[PDB]
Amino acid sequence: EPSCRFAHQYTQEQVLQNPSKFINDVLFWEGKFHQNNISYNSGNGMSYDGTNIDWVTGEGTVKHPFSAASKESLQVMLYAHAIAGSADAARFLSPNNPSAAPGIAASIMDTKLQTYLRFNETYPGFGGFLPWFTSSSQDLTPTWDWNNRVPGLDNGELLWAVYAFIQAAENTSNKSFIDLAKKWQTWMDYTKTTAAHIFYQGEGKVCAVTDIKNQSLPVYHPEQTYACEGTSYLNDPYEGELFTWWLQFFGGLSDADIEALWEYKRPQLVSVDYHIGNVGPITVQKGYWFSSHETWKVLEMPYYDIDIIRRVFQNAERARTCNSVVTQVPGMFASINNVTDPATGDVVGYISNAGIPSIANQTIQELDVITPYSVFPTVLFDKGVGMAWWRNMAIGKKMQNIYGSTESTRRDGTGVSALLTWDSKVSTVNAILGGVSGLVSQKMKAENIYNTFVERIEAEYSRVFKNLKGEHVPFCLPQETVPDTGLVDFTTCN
């Protein structure tokens, strides 16, 4: 029912007055991203990173034929909600027939698993993990750059997503769905047997990227070797922390090695105070860039069951929203694709370093490009405020399309990334659905690792964050709009 260009059909206050109505429109159009040759390959059930859309028409043109376990995790998390019978996930997957959404998720995940297993057979050296892959043909291949290279961070995200999906499928008591869950449990369980050998160097050091001698050789072939790429380790509180937990619970590490994981991580967990103009001080967890993307872990594991953690991450959103108000930015910041050059149709590059410099490890930042998915952590705390920010960016010229929100816009409104990706779109969807931490905590409790998670993560956070300021500072609403400088809405979405 909703118009493609629904964002400017609402006022800001109307979004706050009824977030659910607005979200219902959001989910409908976000759902249109979920099509063959747009966001995934229906032949092998594998994600594509996304696709370019035509500068003028806003229709799919040039797909990204590659993806990674990180995008897989967004797709899988959605399917976890869909198979559990979530009405919102159904709005996304199957709006004209909600009752079919579980079956669609089940079918694709069946097809997907087959593809994962063919990849494992052909490339056993990955030990059941996924590199960046080409998904445009029936069988997966590593992208050229990712031959014999496997990232811990991305796989950590996928593994907890699959963990959630398994629980969701089994919660249905549908024997078909339970059988599917058990096959996925086998896939997931295999990674437990290889994780430490592939990614754990020792003394609490976990490879960010592991270099494989030869991906064609089995994990324990007499010639096979694994080594960390350089001295980049998963040692910080951002997305890589999901993989830390994988090693801890399932990797077969000693108690001394588990202690070493958290000890080596401790110096990267830091309390800092945001304070600009009359906003703050607000005590936050120091970010890498304080890109929204860095908070991803809270959607996969029940971090927010711990009050000190919930309070620290709530503070993040006080800082994030109000920072944009005080610096007069009509959106918020996250790692994102740069604008499209209209003459070529090509994205001009990728902007990793977009966040909030004053509360970041990396202070050298590009802040000319804003993105709707920057709201996903705000959405977890306050759907209304999250969606108000989302709306403010989506009303920018060309920032809605027939597949939902557009990747990104310049904050001065002189350029747009004419692109769709899972990262810029379905991150937000998964935040709207409340993450999968609920499903995960159920399975964690059943497998008696929940109490360990809570004890450990409360200890680590409570040791650093002792004297919170700014907890009285309300979330801020957008005060500036994206300038209209002559860009024209897509002809299929105006």
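All residue numbers refer to positions in the sequence shown, first residue = 1.
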Entry-level comparison of average CA B-factors, 157 to 165 and 339 to 347, reporting the higher stretch: 339 to 347
398 to 406 or 107 to 115, whichever carries the higher mean Cα B-factor: 107 to 115
Candidate residues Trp296, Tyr233, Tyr373, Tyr79, the one whose C-alpha B factor the record puts highest: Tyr233
Top Cα B factor in the deposited entry, candidates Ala84, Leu74, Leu420, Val379: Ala84
Within-chain third of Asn36 by Cα B-factor, per the entry: highest
Third of the chain's Cα B-factor distribution that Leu253 belongs to, per the entry: highest
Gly152 by Cα B-factor - lowest, middle or highest third of the modelled chain: lowest
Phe92 - Cα temperature factor, lowest/middle/highest third of chain: middle
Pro267, C-alpha B-factor rank within chain (lowest, middle or highest third): middle
